[PDB]
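Commentary on secondary and tertiary structure
Residue-level listing of the chains:
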Amino acid sequence: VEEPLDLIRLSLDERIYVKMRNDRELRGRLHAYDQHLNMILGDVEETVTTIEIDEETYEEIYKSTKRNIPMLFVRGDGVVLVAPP
Amino acid sequence: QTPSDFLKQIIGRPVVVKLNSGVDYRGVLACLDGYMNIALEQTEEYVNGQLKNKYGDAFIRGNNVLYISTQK
Amino acid sequence: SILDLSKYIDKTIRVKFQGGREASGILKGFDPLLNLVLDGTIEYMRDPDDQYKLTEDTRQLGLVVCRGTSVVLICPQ
Amino acid sequence: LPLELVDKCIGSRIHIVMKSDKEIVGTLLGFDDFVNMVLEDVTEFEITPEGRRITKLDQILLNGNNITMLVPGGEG
Amino acid sequence: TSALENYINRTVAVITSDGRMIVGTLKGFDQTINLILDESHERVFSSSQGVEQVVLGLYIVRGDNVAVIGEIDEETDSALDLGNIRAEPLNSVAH
Amino acid sequence: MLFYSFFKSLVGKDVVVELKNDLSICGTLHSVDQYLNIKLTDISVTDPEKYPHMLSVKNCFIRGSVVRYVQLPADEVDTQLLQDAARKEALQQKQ
Amino acid sequence: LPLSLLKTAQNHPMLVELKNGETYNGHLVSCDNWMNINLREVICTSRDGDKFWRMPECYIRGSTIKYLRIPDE
């Protein structure tokens, strides 16, 4: 029985896509994780997605910003899902 | 025991996995564990239409999983 | 531990629950983990418009079990 | 005893109400220590929107984390 | 080891998970960060009405709701520095 | 254990903690515990001091539950240790 | 030290703000090691001041407590 954790440790050293709580995603190289899904990612890019609304029409314009960092610890409680890019 | 036997006879079946946040993930159940962590292959993501189609395995936290269901 | 539910064993009680739910019903049984068996169960929900007007938001459920894990407060009714 | 009541509801219809305005009606197949429940041919209702969200077929594992109320025999 | 031992009976700034700062004195703690504090007051309203700033002396904060405790450089009892009110009010830990 | 032992190796390194409240704190790692609560010495609010709610605070205790991110430099970490330890650890938690 | 203060705080007036922003005003009769309480002679109030109900005993799950304001004593 390979557990999901055993199959996600097959993706160690590789670039992963992580979707987080608060309309944010990370992409980076997976150096480590535990059973809580705390993660150490190297060479990461965070993307923050927000909804701007036109005041008159109520039409939504999607906008984004990006942050990049060499090495980053991620608390597992913010993680919704992991996949590749 | 009824859940561990459920776990054994849903490996390999297509399933729907719904999270607490209301996101629905559909695909083939590659693995599960006792804490309800999930990996699914060929996963679609639904909320307000199609939001993601996934091309490799996706791993889902069991603490955030609301239900897992066979798809028929 | 602290509250012996045997004093409440047969009367209508008021129970608030973690998701915002309020339930009222006759206590018929319980365990140390505070799982409860209630009879004549009424479930009330809370919306922004339903505060003192708590009666329109009413569902009847009859015999129920309330899960002791999400129990937030218990008092007489 | 509450867990004895849930045992008595195996093979009966049951309605499972979560903390949110959401509920799940189906046949109770069994449960574990934590009250994770296996349900068969399940209807998923959101109460607030006044509509079912899906008709499930086969078995579901519904996590006991968000389960507030268990009603044997189902709705009315 | 990371204990709240050094912060005992010294002035402290507490951020609750709601997004609320507190000035207080830490009288006691446990291993779940349940905070027993005295002489508590806010920080966002001291510049408007300094009498209303003083909420209380003596309260139990539950450790589940504590985000942050900061150690401040108190000269002697009856003194602290700074005040603020035109800042983008701080958010909650929920997102 | 893994991340507890990982943060024990980074004591005395300069790190940036970004919280769930969007507050970002520069500081020197002094200690960590089993729940990954952090105590940071000689702190400064990074990004801007737009969160002036501290200022007079030089050392903070951070509840591990309110951490979103801990930014680190690449020089501080052996990536071979981290991958080897991770393969051994996920194997340990479930067996 | 905190739960020890609550054990000795048996018989004091107390104001309890919960997670749900509701206020309880009563006199502590018992606590446990998990911080659950029972209290005597009780006022239930919303954060906005709406008094909804009054009770003689009430049990509060410790997980739902935001904070407890004790007397200045």
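Residues numbered from 1 in each chain as written, not as in the entry; some residues may be left out. Chains lettered and ligands numbered in written order. Part of a larger assembly, values for the part shown. Heavy atoms only, no water.

By the method listed in its record, cryo-EM, this PDB entry was determined to a resolution of 2.92 Å.

**Let's talk about unusual backbone geometry**
The following threshold applies: Counting from the N terminus, the helices are the DSSP runs of H or I reaching at least four residues and the strands are the DSSP runs of E reaching at least two.
Positive phi values are uncommon outside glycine, yet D58(D) reaches one of about 70°. Tracing the chain through its elements places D58(D) in the loop between β4 (51-55) and β5 (59-62). Residue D42(F) is not a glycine yet carries a positive backbone phi of 60°. Following the sequence through the fold, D42(F) ends up in strand β3 (residues 38-45).

**Regarding the environment of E75(D)**
Using the following cut-off: Contact criterion: two residues are considered in contact whenever any of their non-hydrogen atoms come within 4.5 Å of each other. Definition of a polar contact: a pair of N or O atoms within 3.5 Å, with one able to donate and the other able to accept a hydrogen when the atoms are protein atoms, and with sequence-neighbouring residues admitted only if both atoms are side-chain atoms.
The residue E75(D) is located in the segment after β6 (67-72) in this model. Remark: the alpha-carbon pair of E75(D) and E44(D), spanning 31 residues in sequence, is separated by 13 Å. Beyond its immediate stretch of four places on either side in the chain, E75(D) contacts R59(C), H15(D), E23(D) and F45(D). At 3.5 Å, the side chain of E75(D) and the side chain of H15(D) are in polar contact.

**Observations regarding the interface of chain A and chain F**
Threshold: By convention, the term buried area covers the 1.4 Å-probe accessible surface removed from two parts as they join, with the contributions of both added. Whenever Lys or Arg places a side-chain nitrogen within 4 Å of a carboxyl oxygen from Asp or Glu, that contact is recorded as a salt bridge. As a working rule, the residues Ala, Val, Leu, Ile, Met, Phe, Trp, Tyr, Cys and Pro are called nonpolar, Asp, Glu, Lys and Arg charged, and the rest polar, with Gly in that last group. Paired strands, as defined in this entry, are two strands with at least two bridges between them according to DSSP.
Listed by partner, the interface residues are 27 residues for chain A and 31 residues for chain F. Where chain A abuts chain F, roughly 2,500 Å² becomes buried across the two surfaces, and 58% of that area is made up of carbon and sulfur atoms. It is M71(A), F73(A) and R75(A) in chain A that bury the most area against chain F; as a group they hold 26% of the surface buried on that side. In this assembly, chain A and chain F are joined by six salt bridges. Close ionic contact of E3(A) with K94(F) constitutes a salt bridge, the shortest N to O distance being 2.5 Å. At the junction of chain A with chain F, the criterion picks out 12 residue pairs in polar contact. Within the residue set of the side of chain A that touches chain F, elements represented by two or more residues are β2 (24-33), β3 (39-53) and β4 (60-74) of chain A. In terms of residues, the side of chain A that touches chain F owes the most to one element, β4(A), which gives seven residues. For the side of chain A that touches chain F, a count of residues per class yields 13 nonpolar, four polar and 10 charged. Two elements, β4(A) and strand β5 (residues 67-72) of chain F, share four bridges in a ladder whose sense is antiparallel. Looking at β5(F), one finds that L72(A) is bridged to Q71(F).

**Considerations on the arrangement of the chains**
Contacts are most numerous between chains A and F, taken over all nine pairs of chains that touch. In this assembly chain D lies apart from chain G, the nearest approach of their C-alpha atoms being 14 Å. One thing to see here is that chain F and chain G don't touch, and their nearest C-alpha atoms sit 15 Å from each other.

**Considerations on the pattern of salt bridges**
The criterion, for reference: Exposure classes here rest on a 1.4 Å probe applied to the protein chains alone. A residue is buried below 20% of its type maximum, exposed above 50%, and partly exposed in between.
As enumerated under the stated definition, the model contains 38 salt bridges over all chains in all. Notably, a salt bridge pairs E23(D) with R59(C), separated by 2.7 Å at the nearest N-O pair. Pair noted here: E23(D) is in strand β2 (residues 22-31) and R59(C) is in strand β4 (residues 58-66), and the two residues belong to different chains. Here the two residues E23(D) and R59(C) agree in accessibility, since each one is buried. Ionic pairing is found between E41(G) and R54(G), a salt bridge with its closest N-O pair at 3.9 Å. With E41(G) in strand β3 (residues 37-45) and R54(G) in strand β4 (residues 51-60), this pair connects stretches of sequence that are 13 residues apart. Residue class for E41(G) comes out partly exposed when judged on its relative accessible area of 34%. With a relative accessible area of 57%, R54(G) lands in the exposed category.

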